[PDB]
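These notes are about the structure you will find just below.
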Ligand code: HEM
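Residue numbers (the entry's author numbering): 6 to 32, 42 to 65, 83 to 173, 189 to 398.
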């Protein structure tokens with residue numbers, strides 16, 4: 006009953022999804047191989063992402096996409112995101128405190144996984160801390191757009207040095223308040239469900255492979271390689287933005303007609319034995335590979351650096367606080383999140 010590409014079995018793609026060919030028609043084309051997915055995503059000239084929506088990079092084609100992304104790129108680099116580390120550490124500590132105060136057992140998803148990403152996003156865009164609580168409540172449920195108008199008005203008149211402030215000070219003439227508001231809305235949508243899914247599933251994956259936890263508190267390479275492997279192995283998004291063929295195009299010896307849609311199975315592409323001979327195995331020590339969990343090509347995840355830093359901080363602080371982290375009952379059923387654009391957990395009752 007659920008769409009083929011959204012079906013999972015544990016941490017893995019479902020058997021019916023595994024049985025699918027490289028490129029087949031489904032009731042829409044489904045690309046389920048690493049090479050074919052990278053071909054489709056890398057072909058931005060023949061495959062368009064296009065179907083409010085203003086500021087949504089996933090709805091832009093070049094040169095319009097190139098222009099808008101250029102203004103956003105500098106505010107998403109590894110070095111710029113490293114500046115948020117203290118605040119991420121603070122947010123994570125606050126949520127760990129909430130778990131510790133509640134005492135064992137506690138729902139890691141409700142108290143930790145579903146709370147961290149939103150708070151980090153508020154810090155990213157520069158929402159004042161006192162307004163952050165109400166900002167998230169209005170955003171999660173669907189005044190929200192009305193608040194952002196007032197936020198852009200402050201920054202345009204008197205620019206700070208944050209995310210919005212740096213854009214309006216340097217390129218205020220080329221970007222509008224409507225575009226800035228749209229960017230912020232889309233950042234909330236693109237960077238909440240994905241990260242919350244990764245926090246939940248990553249914690250469980252590390253519990254299921256507990257010798258691999260120690261990699262997180264090693265040197266920079268050790269920790270980053272651990273996080274990237276978890277990103278690869280879990281591949282939380284089922285698909286990127288649907289790709290529409292602008293013209294007739296031959297992909298994998300099959301003709302994709304103009305107007306037809308192609309869905310890329312990111313989990314299948316990252317389990318492709320052409321990417322890794324043992325792709326179904328979790329190993330935090332393996333050298334990073336060109337996985338497509340953050341996409342491929344011009345639309346590749348803008349929040350990739352933020353995600354890597356946030357997840358590293360989240361996983362590391364969790365076990366530093368709770369070394370004896372465990373499932374509340376060893377035999378408890380894993381509660382998978384299946385109704386959102388990203389795979390995750392709805393609940394994870396943990397003890398320590
Ligand atoms: C679990 C972590 C994440 C994963 C797995 C993920 C996945 C992806 C993927 C697959 C794409 C490509 C979409 C496409 O080509 O159609 C993408 C794009 C994008 N992501 Fe993420 N994402 C994550 C976290 C974030 C975060 C935290 C942010 C916010 C800082 C973010 C912001 C964006 C934006 C703005 C785009 C559009 C880029 C463009 O179209 O040029 N993502 N993401």
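For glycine and all other residues, C-beta sits at the position ideal for the given N, C-alpha and C.
Check each candidate in the options and name the one with the smallest Cα separation from residue i.
| i | options | result |
| --- | --- | --- |
| residue 350 | 237, 389 and 293 | 237 |
| residue 158 | 58, 171 and 210 | 210 |
| residue 333 | 253, 356, 106 and 278 | 278 |
| residue 358 | 139, 264, 220 and 341 | 264 |
| residue 190 | 392, 342, 260 and 234 | 234 |
| residue 162 | 150, 172 and 173 | 150 |
| residue 3 | 48, 251, 282 and 206 | An answer regarding residue 3 cannot be provided, because it is not within the stretch 6 to 398 covered by the chain. |
| residue 346 | 285, 307, 293 and 379 | 285 |
| residue 231 | 167, 307 and 361 | 167 |
| residue 344 | 15, 21, 90 and 7 | 90 |
| residue 389 | 243, 154, 112 and 206 | 243 |
| residue 331 | 382, 383, 9 and 262 | 262 |
How would you write the range of the alpha helix (DSSP H) that residue i sits in, first residue to last?
| i | result |
| --- | --- |
| residue 365 | 350-367 |
| residue 302 | Where residue 302 is concerned, there is no enclosing alpha helix (DSSP H), although the beta strand (DSSP E) it sits in stretches over 300-302. |
| residue 50 | 48-56 |
| residue 268 | 266-280 |
| residue 295 | Counting along the chain, residue 295 falls outside any alpha helix (DSSP H), though it belongs to the beta strand (DSSP E) covering 295-297. |
| residue 203 | 190-203 |
| residue 97 | 95-103 |
Could you compute how far the alpha carbon of residue i sits from the alpha carbon of residue j?
| i | j | result |
| --- | --- | --- |
| residue 127 | residue 270 | 22 Å |
| residue 322 | residue 50 | 16 Å |
| residue 327 | residue 18 | 13 Å |
| residue 169 | residue 196 | 16 Å |
| residue 28 | residue 201 | 48 Å |
| residue 213 | residue 240 | 25 Å |
| residue 24 | residue 218 | 51 Å |
| residue 118 | residue 226 | 23 Å |
| residue 246 | residue 267 | 23 Å |
| residue 62 | residue 53 | 13 Å |
| residue 337 | residue 273 | 13 Å |
| residue 133 | residue 99 | 44 Å |
| residue 368 | residue 124 | 12 Å |
| residue 47 | residue 192 | 43 Å |
| residue 308 | residue 375 | 42 Å |
Is residue i near the ligand HEM, judged by its Cβ being under 7 Å from some heavy atom?
| i | result |
| --- | --- |
| residue 340 | yes |
| residue 362 | no |
| residue 198 | no |
| residue 150 | no |
| residue 163 | no |
| residue 320 | no |
| residue 236 | yes |
| residue 153 | no |
| residue 337 | no |
| residue 314 | no |
| residue 345 | yes |
| residue 157 | no |
Taking the beta strand (DSSP E) that residue i belongs to, which residues open and close that run?
| i | result |
| --- | --- |
| residue 381 | 381-383 |
| residue 289 | 289-291 |
| residue 212 | Unbroken run through residue 212 is the alpha helix (DSSP H), 209-217; no beta strand (DSSP E). |
| residue 347 | Where residue 347 is concerned, there is no enclosing beta strand (DSSP E), given that its DSSP letter is neither H nor E. |
| residue 393 | 390-393 |
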